[PDB]
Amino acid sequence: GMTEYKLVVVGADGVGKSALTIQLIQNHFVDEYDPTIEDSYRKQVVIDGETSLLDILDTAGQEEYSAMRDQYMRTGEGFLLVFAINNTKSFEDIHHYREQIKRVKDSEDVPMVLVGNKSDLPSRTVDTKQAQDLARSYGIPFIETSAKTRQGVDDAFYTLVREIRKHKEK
């Protein structure tokens, strides 16, 4: 059969939320995508042999509420917490995103994956160890990606799907 999964991609402006989502749904890198566009995108993939329908909200303008986020923050099953490896402030923001999602969900167990994007760049400011340790403090996976080269993109989304599957078994 199949399973549908509602995913929400969050993180600072410019970390590559749109580039990651577009690499997942269209299999190419789009280097210029309006930073104000917040929308949901549907994509059918196969994960571990099962047909999987992904309904992904690519968030934007997160300093204000939106009706799309009011709907997906409540119904969303899993979240990708994205930072850029060359942006310290985007990594420093991560704990704020997790804390707020936990309050929205009223739960200490919300499926999440930490994503360190832009792994192709030469001037990283966030060491992989700091991100691995932060993910370990939350009990969640950490995946290094590059939306530019497609490195780790399917792994980030599929790992989040695996985290949701485990949560649903409870």
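So that there is no doubt, residue numbering starts at 1 and follows the sequence shown.
Look over 24-32 and 109-117 in the entry and identify the one with the greater average Cα temperature factor.
-> Stretch with the higher mean C-alpha B-factor: 24-32.
Please work out which of 68-76 and 81-89 has the higher mean CA B-factor as recorded in the PDB entry.
-> 68-76 has the higher mean C-alpha B-factor.
Using the temperature factors in the entry, find which of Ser137, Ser52, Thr59, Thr145 has the highest value at its Cα atom.
-> The record points to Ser137.
Lowest, middle or highest third: where is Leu7 by C-alpha B factor in its chain?
-> As the PDB entry reports it, the C-alpha B-factor of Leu7 lands in the lowest third of its chain.
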